[PDB]
Every structure is written in structure tokens, then in C-alpha cells.
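Asks: Residue numbers (the entry's author numbering), protein chains in the order written: chain S, 278 to 325; chain U, 1 to 52, 52A, 53 to 82, 82A to 82C, 83 to 100, 100A to 100M, 101 to 126, 135 to 213; chain L, 1 to 52, 52A, 53 to 82, 82A to 82C, 83 to 100, 100A to 100M, 101 to 126, 135 to 213; chain H, 2 to 172; chain F, 2 to 172; chain W, 2 to 172; chain A, 11 to 118; chain P, 3 to 9, 11 to 27, 27A to 27B, 28 to 95, 95A to 95B, 96 to 106, 106A, 107 to 157, 160 to 211.
My questions will all concern the structure given below.
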Amino acid sequence: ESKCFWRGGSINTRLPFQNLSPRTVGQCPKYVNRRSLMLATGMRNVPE
Amino acid sequence: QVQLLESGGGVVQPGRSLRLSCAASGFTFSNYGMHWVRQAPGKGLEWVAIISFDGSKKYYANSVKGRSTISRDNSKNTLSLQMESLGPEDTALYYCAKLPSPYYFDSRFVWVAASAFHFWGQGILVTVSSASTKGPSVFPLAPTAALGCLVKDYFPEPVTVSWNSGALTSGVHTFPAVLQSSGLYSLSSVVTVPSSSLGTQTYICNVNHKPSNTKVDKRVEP
Amino acid sequence: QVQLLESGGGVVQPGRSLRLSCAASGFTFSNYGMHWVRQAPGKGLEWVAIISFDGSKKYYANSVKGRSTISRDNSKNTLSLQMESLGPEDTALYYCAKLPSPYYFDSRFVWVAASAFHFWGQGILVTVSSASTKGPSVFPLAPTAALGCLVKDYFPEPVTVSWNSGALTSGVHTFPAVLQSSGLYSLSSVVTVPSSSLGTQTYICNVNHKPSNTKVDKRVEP
Amino acid sequence: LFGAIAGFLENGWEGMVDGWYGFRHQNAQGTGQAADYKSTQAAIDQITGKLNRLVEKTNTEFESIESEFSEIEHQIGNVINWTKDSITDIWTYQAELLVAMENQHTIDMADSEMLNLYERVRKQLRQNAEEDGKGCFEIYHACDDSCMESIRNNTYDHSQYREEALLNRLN
Amino acid sequence: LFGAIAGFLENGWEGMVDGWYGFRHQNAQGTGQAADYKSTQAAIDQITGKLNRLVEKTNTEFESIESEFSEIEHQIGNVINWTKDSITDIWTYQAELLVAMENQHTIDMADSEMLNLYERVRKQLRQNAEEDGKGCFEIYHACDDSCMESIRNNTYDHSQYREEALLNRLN
Amino acid sequence: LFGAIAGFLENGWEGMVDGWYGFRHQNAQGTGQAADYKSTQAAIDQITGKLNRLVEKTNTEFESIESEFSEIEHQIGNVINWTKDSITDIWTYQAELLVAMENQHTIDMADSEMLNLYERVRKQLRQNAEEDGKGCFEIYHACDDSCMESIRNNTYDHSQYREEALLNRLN
Amino acid sequence: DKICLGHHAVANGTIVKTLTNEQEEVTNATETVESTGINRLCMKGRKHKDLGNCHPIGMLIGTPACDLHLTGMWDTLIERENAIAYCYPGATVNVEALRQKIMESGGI
Amino acid sequence: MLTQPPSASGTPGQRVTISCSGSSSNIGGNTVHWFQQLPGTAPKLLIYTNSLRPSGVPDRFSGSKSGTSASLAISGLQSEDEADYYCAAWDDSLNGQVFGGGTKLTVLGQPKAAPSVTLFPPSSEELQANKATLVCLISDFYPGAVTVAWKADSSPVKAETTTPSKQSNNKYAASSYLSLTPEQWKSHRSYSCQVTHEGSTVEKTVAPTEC
Ligand SMILES: *[C@@H]1O[C@H](CO)[C@@H](O)[C@H](O)[C@H]1NC(C)=O
Ligand SMILES: *[C@@H]1O[C@H](CO)[C@@H](O)[C@H](O)[C@H]1NC(C)=O
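Rendered as C-alpha cells:
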């Protein structure tokens, strides 16, 4: 089951951004040209 | 994903010990701290026990403190609970489940996540009494219109009812059980249908009772 | 913008003193703190000295501490370095340059900027030895195919080689120098060409040697 | 930026898997380690709330305006390409901004919670000890393992050791 | 997040309508309440400046590109619908982000002003009292109503009670 | 907002061109001035990193959809004008938001670094001096120029003057 | 006696981008840009109708290749690349608008 | 003094990484820098403040700093990026900038054809300076693993030059110069240069003759 489609198939994800195609149909996330965008889930890592 | 197995149910007499055990799959069990909760018949929720992911501390509930014992094994992915001196206040449905708990009862891998792994599976329905495990007695309630089946005089009550092997589900009404003066319960289950097919269709009701290995099938006719 | 001038190179004998001086333009020199670095022939980078924009502190490197002296003048936009007792460990290329340094070595005007004014210009190539500044000897290496020129038996080695006044740059290979048992170096430089123009074109190689004022030109033929 | 995570604490405790902000003590009994529940749970709840507000999106239904198997008119096709590329650039910039700001805020919020727990422990150890600066607390008299738990349980009483600390600091 | 509003102050003062950050004292005279003007005015000015920069908008003139009483060509109508729905989604996301960030910043700015006023009062009461942690100040000698106003007027002198406090803490 | 730049420091030092956060001392030798390297370099590095992440942009290639020397169809021209003006307004709003937020964050980050350096110097001067509030440190015994540099070099030892300060404060 | 404070860390940290630092190390982080999809058309829970070698115009005009799709109901219409619209050669005026109208519809 | 990992290898578009470690006296605590030295020319600044780049640096390059260790990454590398790469950092105790050892990287070159071996006899004017030199060069080959054996009348001698990778094709080039005196040059008749390179089957031999 899915709710978003494009020329190459389906998109099943909870992320708000994708870099597959700017032409999508349905309830899809917004296309971004950035290859990667890492969100921090922790504090500064201070090695020993 | 959400697939489980539970064991330990049946009819245990008061004074003896109950032992329940649930094992889940589809995920990494060795990290989620698990909980045992009980719900008395009718309504009302009362928490029983909690366990860490490694079994460091139990912190039993005062209602069953020092009387029950919860344990877990991460190798076989199993969670067991053992309780003794089963009074009438212990007849309830026991659910093993993963609830939102303190963080150190869980592992560091699922802290950074908004998934909130949800559970609660099925029930157990432990009952304590003078066992007397009886077999059910089925009677067809025969005449828009309706028709049904009545199952009476059996114990315990993990009973299920279906219409044509579980096909017809529209307009059906499965009513709660009624306990009477002989330590036995009853239950009616009806289904509606327009008043044009009295002697036309094959209406069959099926009743399954687990702690008697009883499978009954009946047909309705004018 | 990026235009400079450097002076102080040549052949200095061991024991005497070297004096280098670089002056840049195209920007405000009176604010950027400047650095002197050295690189021994081959590879390996070793920092020499740093100076403030006003000359408050030097903080020489321990390898040349108390032996060298760096100075700067902001009126004429010049940076000089003087060193004595030039052992063999001082024969290297000396670069004056602006590097990312502590903030107070620079001025408050370029703190609030992401420009990161970049430099390092050209080299100096100081050499210390029994001078014996020799003139180069050129021989034409004559026969797809190739042809080249070999320059041998001279000192020092700030040598440059071009093909037809610096026009042909495709398929050319300028090889590093080789020192031999007479305190003299050699260097080959070749260029490739398909095997159809042996006696057809005017192939000329030019060799420039600065610390002998030597300009040699040679032609290749079968 | 607070001076806790990137300030006076010059080293992290990789061996402290009990939580994000915990205690390490060395007394006559030996060396021990524990973790504070309140600050860790606060940080976890804030991060999970961020993620929950982030992952939800209704994504109003859209349909196809460009044909994939036939040729579109050149001018309207160029207009559609221009519009969609502009929308792509806008969403890319907003994604960059959101990611960077949220990462900065998460790191600084962890730092703020660390400093708040530090101030709580200091208000508990008000007049019986001193802070050396490197996140440690130079206790001037003593502290038992039960005293350590009382510091964890936020039940440490300073009027019980106040005169002792004063007499130890004077003499 | 600072440890003042959501930290060590575990209760708000609903009865303190005099301001956002005020003083409540209990001395031999009785119980009294006042409010600090500086922090309250700073918070009010910052919030009003936020609102002023928010409510102003020139809103460059726009005109109608879609007809309301006649039928538009299907392809250009679909293009206009797509563009306008994309613009709607963009503005909706930006509105959500702006509202959330501004609310977070306003709450944390109120917290920061509370902690700054706390530090000001502490620098005033430097060496003559101690802070119990729950926002209160355990004065070790005394404070008159005039002393309370001097604490409000930022004129409290600690060298006047320093030796008194030292003698009371030693003996 | 922290109470350092817009709080208890009621005056800036225009004559302090040595850095953003420096020391000014007055001892028996006379008056002297220096600057702290760590906080100034931290602020400079953060601001330069902001500028570096700001000035970089690939700016995906675009082409002309409107003719400059001929007349375009009226409806598609109105659609293009509407779209481009909407994009202009969106980018204008985002520019305003980015500029305002970044300026606020830069000012408050300078303030935070000032307060962090203040707390570092306080952890160094733990038990031998007191802070009068106006950014100064009332040293109770003394401090040489070498002592001042030791405060700069983060090497000041308080156990060397602890008993001296205690005896001076008691007697 | 002595008690110290500190935070935790990991050996293999995760690099994230912030407003002040392009490369900041943190604990286990999360990616926000999706880069992989499914090479399938998940139609479970959707009454799909695959046209195959049939073109939307052939459903209205009645081409042979659309004899299976002259009428019907659907919540998602799927068009293919080999969609034939004309058995007899020809063209359609404003074919893009009609194709959009048909693909947006849910029955004929 | 910083660490000196001498060499890194990779392929076009592989995102190779070079590390630079140290102590709190140099790394800290402090900022590191990176430079690129194209073979034969002057260096160009690439990375400052451990993550920032000047104008003329494409976004394919990137730097980092993890605690007391830094690293350099190159995402979109191609044939025009084979060069020298050094590390740099300011030292706390040593009041100055202390550098690393350096790194010479070379892309994985597909094995080109056997080099354009061309034997060169010494010219008539070279012998006039009481010296002789027989040049036997080999250009446009890969890799650098090769061994040339001289045979003075089928007899070896006892007691060469090579350029780095080309900016466009990563082609190497070697050239040997056997130098003798006129008494030792006119004493032999047949000179030949063999090769045992890893890109050919058997030893290729080219030989000139006197007059
Ligand atoms: C990080 O944790 C998530 C779950 O929180 C897990 O899915 C992922 O594989 C982890 N990644 C790493 C690199 O540890
Ligand atoms: C500010 O400094 C910049 C360089 O950082 C300079 O270009 C500019 O002219 C200066 N402006 C003023 C008003 O000082």
C-alpha cells in the first residue's frame, strides 16, 4: 500500500524531503536537490 | 511485525500457582523493557509488574508485592510471570506489553526515535474457582426478522461465536455473558435479515470453547 | 591583485648570512601579519618565523630560534628575513606568505570577513655550498616518436625549459634533476609527436639558467 | 552556547551508557557511577516532541500537469519547468535552514539541560563543598554512597554538615 | 531553557498581578509584595517590538489571473491551480515554523530575563544571605521594608552587614 | 539574552582594540590592559563559519521564459507575472527572517561567550576574591602582573592564597 | 572524597551541519533526505485500472485496443508508454487537456 | 610535530579521506589548515578553520576535526586533482604553526598500453665534452612499478627520472641516462635497454648501434 507515486514507482517514507524526482503525484514530500541533510539527535561528541 | 505467542492460560484452582509466558517476534526483544498489567472482568485497569531490559530491578506493585515474580530472557525472547496464592482478586485478563516507560528500562538504541513501538497483543483470561470445566449447551433461537443461537451452562468463558465459519458479519450482535445461581454462564448471539428468506438460505452458527475442546454447529429453521 | 616581488636569492657560501626580502601589492599590507616558511628540497614543510602586523612579538621556531631575524615595514610594504651560520640544513625554498593565524597578529578590519586572503606567491630556493656556479651544457636527444633536450653539469638549479619560446605544451615531460659525483646536476625534457614529421617541422628547445645569465637554444634533427 | 558541554567539561564519558547526564564519584568505598533521571528524560521528551512535530504532514493532494508520454507546448513547458525548479530551490533552502537551526538548537538545548542539572546539584551542595571547575565537586568533608543517592534523590541537607565544613575550612 | 521558570521555581504566583517578575517578602513586620520595573519593562518592550515588526506588511499589489464567471482553458487552469496550491503549502509551512519558533523564543526570553533579574538580586545580596534554591533568599540577619525597597532600588550595601553576617555564621 | 553585554556591563571599552573580551587591571604597579585569546577566537571562528555557509550557493541554472523585445500572450504573461511576484515576495520574507534571526543569534552568541569567559575567570578566582557586579573582581589580597598573566594563562592557584584571604576577611 | 560530572559520547560519531559549524560531531543521528524508492506501483487498497496498450482517447472514441476499457470505475487510472489511441491514423485537437480530464476522472 | 600518513589511493569519484592527528599542544583546542600543491607549481589554500574554504575551491572538497584528530575529504575528484596535500595547525606550546608530514595521492589508473619506448643514441656533440649518455625513455605508462636493465654488450652495469601523473590522463614517464667516459663509451658496441614492467608480457628491448 502507498499514497505517493512517480514515473519510477512508489514512495513510502515519513521523511519530509526526497531527491528522486521533482515530478511526483499524490501526498508526497517535497523534492530537494541536496544529496544529504543530517539532523542531530544528540549533543556534542567529545572523544577521550 | 506484530506477531506473538502466549501460553499459561486455563483453569487454575484457588491456592495454587499461575505461570504465564509470552514470546514476541518481528523486532529486537533484548532492548525493550516489558510490562505485565491486569484488567479485572468488566472494566478497571491495574498494573502488576515492570522489568528492565536486563532484569536489574523489578519494583513490584503494592497490591501483589512480594507475592508475584516477573522475569525475562532475551536469548529466546520470552517474558514470564509466576504468582501464588491466587485469590478471587486475581481472576483477570493479564496483558504483557511494551508501554512508554522510563528511559533506562529501555535501551540507548530506541531513545533517539519517535517510533514509540506499540503493542498489547492479546489477553490471557485467568480464572480461579472450583474448576468444574463444563461443556456448552447450544439452542437455536428460531422465529424484517432475526435469528440467533444461545449457549448456556459451561465454564470457563473464553467462548467465541461465528456465523457460517465467520463469513456473515453484518447486522450481527454478540451479547455479553450472564452468570447464574449454578456457577454457569450464558450468552446469546443474534443476526438480522429482511422478512423474505425464511425457508431460503442455510443459516449456520458455530461456537468454539477452548478449555473444553468443544466445537458446536447448529442450523436455524422455522 | 595577486602581484609580488622577491629578492635575496643566489648562491651563498656556508657560514655567511642570507638576506631575503619580499614586497607585495594589490592590498593593504599594513594589517596582515606575515609568515616565513621553508621547504627542504624534495618534500617536507617546516615553519620558520611569524611576525605581528606592528612587530610586537616574533616567537621564532626552535629549529632556528635565536639564529634568524624576521622584520617588516608597513610604509614600503616589505618583509625581510636575515639568517647567519647557514649550514646544509638551510638549503631550501623560503616562502613569505599570509596564512590563517591568530587574530591579533592581524588587524581588526579583516576579523569580520570570510575572504581569507590567500597567498604564497613564488619561491626563493636558497642553496649553500662551495659555490662554483657552473654553466649548463645542452645536448639534443634526437631519434609515434619523441625528441628532447638534456641539460647537464651546472650549478645551481633554478633552471627552466621551454619548447618554441613556450608555445608547445602538449605531451611534454620535464623530468626532475639528478645530482652526481661532481657536485653537478642533470635534467632531461622530452616531447612526443606522431611518427610522420621527422624532417618536417622546426623543433627548438630553450633553456634558461638565472644564476649564470645563461640562455641556450637548440634544434633537433634526425 | 553554554560553558558546560563545549566549555569546562573538556572530556565526555563514553563509558557512561546509563544516561546523558550522570554522576561519577570516588569515595573511601571506591569508584561508582549513576545517572540522573530528570534531565535525561527532559532531553528525550523534547527531542521526541521535535521528531513528532517533524514527521507529521498531510501533504495536500497534487496531480500531474506535465505529460510523460507526449510532447507539451514549448512555452507552457518552459513555464512549468521554471516554476517547478523555483519551488525545488525554495524547498531546498528551507530544508537546509531547518536542519541547521534544529541541530544547533538541539545541541544547545542539551548543553542548557546539562548546566541546569549542574546548578541544581550546586543548590543542593550550597555550603558544604566547592566546584573545582572541571565539572567535579571537591567535597570538603565526605559523602557516603547513601549521601550520593541523597544527592541524586535531591534530599541532601547542608545544615547537617555546615558547621563541620566551617570548622574544617577554618582549622 | 534556563532553570528559572521551568526549573527551580516549581510554582507561579497567580496573585502577583503587579508584574511578571516581582518580590514577595516575609519579615517581622509581616508579608509584603512588590514588582521589579526593569525586567517587566524589558520583556514588554521586546514583545511589543516583535509584534510591531510582525504586523507591518506592504503586501505588493496582485490582480486576478483566474476568471470566476467563465471557464478557463483546462491546461492553464491546472497549472494555475498547481502553482497556487504550492504557494499555499509553502506559506503554511513558513507560518507554522515562524509561530513555533517565535513562541519558543518568547518563553525562553522571559525565562532569561527572570534569571538575569535573579543574578542582579544575587550580586546585590552578594555576601549577606544565601539562596535556598526555590527562588527564595534565606537572609541570615534581617531586612526591613526600607531594606526591601533598597533591594528594589538596587541600592543595598553589603559592606554594612558583612561583619554582622560573618559573626552570625561563625557563632 | 544574558546579563553580560546588555546587563551588568553598563559600558563598553572602545579603547580596547586588543580583542572583543579582554582584561583591564589596576594594581600597585599601575593600570594595564590585555585580551583573552580563546573567547575572541571562538567568536571569530563562529562568525566566519556563518559567513562561509552563507556565501556559498550553486544557484541552479535558469533561462528566459519572457520575451524582452516582443509581446507575450496576455494570459500567460499575467500568469508569469503573478508567479514571479509571488516568488519575489517569498524570497523577500525569507531574507528578512534570516537576517533578523542571524543578527539576534550573533549578538546573543557574543553575549554567551562573554558570560562563559566570565564564569571561567570566576572558577579560576573561586575563593580568593569577590565580584562587585559591574564586571569587576574585587581582589581581597593582591595580584601581580605575573598573577594577571596567570589569570590569563588559566594557571592561577587559589590554594596558595586561600588562608591569606580567610585571615584577611576574618580579622 | 570527590564526585565529577560529564556527558556521554561514542567512538564513531555522526557529522551534522549547523549554523555555526559545517561539521559538528554528535551521537547517532537521523537522515532527513530520502534517496531510495520502490520500483513498484503499490495499489493495494486502491481500485486501480491498468490501461495497458490502451490510450485515454481510445476509451472515448472506442479504439479496438481499448475495448476492455470503454467503461468502468476506478480511483486511480494508470497509463502506459505503448498506449495506442488511433487504429486509423489521425490527431486530436487539444489532446493534452482531454488527456488531463480523463486521467483526473474516475469513471466513464 | 603532527602525524605523517604518507600516501592515500582511490578512484575518480570515491571520496578518499586523509587523516591528520596530534596532541592538545597542536590540534586542541586549535584550528587546522589544509593546502594543495599541484606537481610542479605553487600551493593553493583549500581549508581553514577546519571546515571553511576560500573562493577558488569547488564544493567537492571538505575538511573536518574530531576531538584531537582532523581529516580531509574529497568527494568529486577527477584526473585534474592528482597533487600533493599537506596538513597544518598552530601549536600552543611552540608559538607557531607546526605542520604534518604530507601526502602524495594518485588515482587508480587503468593500465595503459606499454610506454612509448624510444631509444636515443648519444649525439655527435655530446661525445665532444669527454662524456657520453645513452638515453632510453618510456612515457605514458602505468603504474610506476618498472625496472630497466642495461646491457653493455649483453652485460649489466653497476653504479633515471620519472614525472608524476599527468593532469589529464594520469600517464607516467620514465627516462634513464647511462653516463660514461669516452674511454668507457667506445669500448663497447651494442647497447640495449630491457624492461620488466607489469604491463607487458615479455621484456621489450630496443638497441642502437655505433655509426
Ligand atoms: C541509530 O539508531 C537508530 C534507531 O534509533 C537505528 O535505526 C540506526 O541503525 C542507528 N544507526 C547507527 C549508525 O547506530
Ligand atoms: C568594515 O570592514 C570591511 C572589511 O571587514 C570593510 O570592507 C568595510 O569598508 C568596513 N566598513 C566600515 C564602515 O568600517
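Note that CB positions come from ideal geometry on N, CA and C, so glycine has one too.
#1: Here's the rule I'm using: 16 or more other beta-carbon atoms within 10 Å means buried, otherwise exposed. How should P:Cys211 be labelled?
#2: Let me confirm a value: W:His142 is counted as buried when at least 16 other C-beta atoms fall within 10 Å, else exposed. Which label applies?
#3: Would a check of beta-carbon distances place U:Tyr145 closer than 8 Å to chain H?
#4: Please classify P:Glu124: is it buried, with 16 or more other beta-carbons within 10 angstroms of its beta-carbon, or exposed?
#5: Let me know the beta strand (DSSP E) ranges lying completely inside the stretch 139 to 163 of chain L, each 3 residues or longer, listed in chain order.
#6: Does any heavy atom of ligand 2 sit closer than 7 Å to the C-beta of L:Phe100E?
#7: Would you mind sorting L:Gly118 into buried or exposed? The rule is 16 or more other CB atoms within 10 Å of its CB.
#8: For F:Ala43, which option in F:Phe63, F:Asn117, F:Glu62 has the closest C-alpha, if you only look at C-alpha atoms?
#9: Among S:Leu316, S:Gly303, S:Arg321, which one has its Cα closest to the Cα of H:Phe63?
#10: Does any heavy atom of ligand 2 sit closer than 7 Å to the C-beta of H:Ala29?
#11: The alpha helix (DSSP H) spanning F:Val80 covers which residue range?
#12: In this structure, how does DSSP classify A:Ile118 when only helix, strand and coil are distinguished?
#13: Which residue marks the beginning of the beta strand (DSSP E) containing P:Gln96, and which one marks its end?
#14: If you measure from the CB of A:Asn38, is any heavy atom of ligand 1 nearer than 7 Å?
#15: Taking 7 Å as the cut-off, does the CB of A:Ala19 come closer than this to any heavy atom belonging to ligand 1?
#16: Buried or exposed: A:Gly16, going by 16 or more other Cβ atoms within 10 Å of its Cβ?
#17: Excluding the 5 residues flanking W:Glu132 on each side, which residues of the same chain have their C-beta closer than 6 Å to its C-beta?
#18: Here's a check: name, in chain order, each residue in its chain whose Cβ is nearer than 8 Å to the Cβ of W:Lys51, leaving out the five neighbours to either side.
#19: Rank U:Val152, U:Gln171, U:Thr110, U:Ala168 by C-alpha distance to the C-alpha of U:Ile195 and give the top, closest one.
#20: Do the stretch 304 to 319 of chain S and the stretch 92 to 99 of chain U touch if we need at least three Cβ pairs shorter than 8 Å?
#21: Give the secondary structure of W:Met149 by DSSP, where H, G and I count as helix, E and B as strand, and everything else as coil.
#22: Got a sec: is the Cβ-Cβ distance from A:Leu51 to anything in chain S below 8 Å?
#23: When the Cα of H:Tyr22 is compared with those of H:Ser71, H:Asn169, H:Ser40, H:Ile73, which residue comes out closest?
#24: Answer with yes or no whether the minimum CB distance from W:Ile66 to chain H is below 8 Å.
#25: To the nearest angstrom, report how far apart L:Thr183 and L:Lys94 are at their CA atoms.
#26: In chain P, which residues lie with their C-beta within 9 Å of the C-beta of L:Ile50?
#27: Please check if any C-beta of chain H sits within less than 8 Å of the C-beta of W:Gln128.
#28: Using the C-alpha atoms, what's the distance from S:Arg284 back to A:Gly62?
#29: Can we say the stretch 194 to 212 of chain L touches the stretch 139 to 153 of chain L, given the rule of at least three CB pairs closer than 8 Å?
#30: Could you tell me the alpha carbon to alpha carbon distance between P:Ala127 and P:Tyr172, rounded to whole angstroms?
#31: If I follow the unbroken beta strand (DSSP E) through U:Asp208, where does it start and stop?
#32: Closer than 8 Å, Cβ to any Cβ of chain H: which residues of the stretch 69 to 88 of chain F, in chain order?
#33: Short of 8 Å in beta carbon distance, which residues of its chain neighbour L:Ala125, apart from the five on each side in sequence? Order them along the chain.
#34: Would you check whether ligand 1 has a heavy atom nearer than 7 Å to the C-beta of A:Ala95?
#35: Hey, is H:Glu62's beta-carbon within less than 8 Å of any beta-carbon in chain S?
#36: Confirm, please, whether the CB-CB distance from U:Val181 to U:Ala136 is below 8 Å.
Replies: Let me lay it out:
#1: Exposed is the call here.
#2: Under the 10 Å beta carbon count, W:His142 is surrounded by fewer than 16 other beta carbons and is classified as exposed.
#3: By this cut-off, U:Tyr145 is not an interface position.
#4: Per the 10 Å Cβ criterion, buried.
#5: Whole beta strand (DSSP E) segments, 3+ residues: 150 to 154.
#6: With a threshold of 7 Å, the Cβ atom of L:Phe100E counts as near ligand 2, since some heavy atom of the ligand is closer than that.
#7: Around the beta carbon of L:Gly118, fewer than 16 other beta carbons sit within 10 angstroms, so the residue counts as exposed.
#8: Closest option to F:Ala43, Cα to Cα, is F:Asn117.
#9: The shortest Cα separation from H:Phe63 among S:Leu316, S:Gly303, S:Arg321 belongs to S:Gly303.
#10: No, Cβ of H:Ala29 sits at least 7 Å from all heavy atoms of ligand 2.
#11: Note, F:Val80: alpha helix (DSSP H), 75 to 125.
#12: Looking at A:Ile118 - three-state DSSP - the assignment turns out to be coil, as it is neither helix nor strand.
#13: Residues 95B to 98.
#14: At least one heavy atom of ligand 1 is nearer than 7 Å to the Cβ of A:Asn38, so yes.
#15: For ligand 1, no non-hydrogen atom lies closer than 7 Å to the CB of A:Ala19.
#16: Of the other Cβ atoms in all chains shown, 16 or more fall within 10 Å of the Cβ of A:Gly16; this residue is therefore buried.
#17: Correct list, in chain order: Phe138.
#18: Taking W:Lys51 as the centre and dropping the five residues before and after it, the same chain places the C-beta of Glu103, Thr107 closer than 8 Å to its C-beta, in chain order.
#19: Looking at the Cα atoms, U:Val152 is the closest of the given residues.
#20: They do not touch, by the three-pair rule.
#21: Note: W:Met149 maps to helix in three-state DSSP.
#22: Yes - at least one Cβ of chain S is within 8 Å of the one on A:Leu51.
#23: Looking at the Cα atoms, H:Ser40 is the closest of the given residues.
#24: At least one CB atom of chain H sits nearer than 8 Å to the CB of W:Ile66.
#25: One C-alpha to the other measures close to 40 Å.
#26: By Cβ distance, chain P contributes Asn95A, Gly95B, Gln96.
#27: Yes - at least one Cβ of chain H is within 8 Å of the one on W:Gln128.
#28: If you draw a straight line from the Cα of A:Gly62 to the Cα of S:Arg284, it comes to about 15 Å.
#29: Short answer: they touch.
#30: Within the model, the alpha-carbon separation for P:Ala127 versus P:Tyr172 is close to 31 Å.
#31: Membership of U:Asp208 in the beta strand (DSSP E) is indicated by the continuous run 205 to 210.
#32: Correct list: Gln76, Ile77, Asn79, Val80, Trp83, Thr84, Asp86, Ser87.
#33: For L:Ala125, where only same-chain residues beyond five positions count, the Cβ hits under 8 Å are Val211, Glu212, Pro213.
#34: Look at A:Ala95: its beta carbon is at least 7 Å from all of the heavy atoms in ligand 1.
#35: Yes, its Cβ sits closer than 8 Å to a Cβ of chain S.
#36: Not closer than 8 Å, so no.
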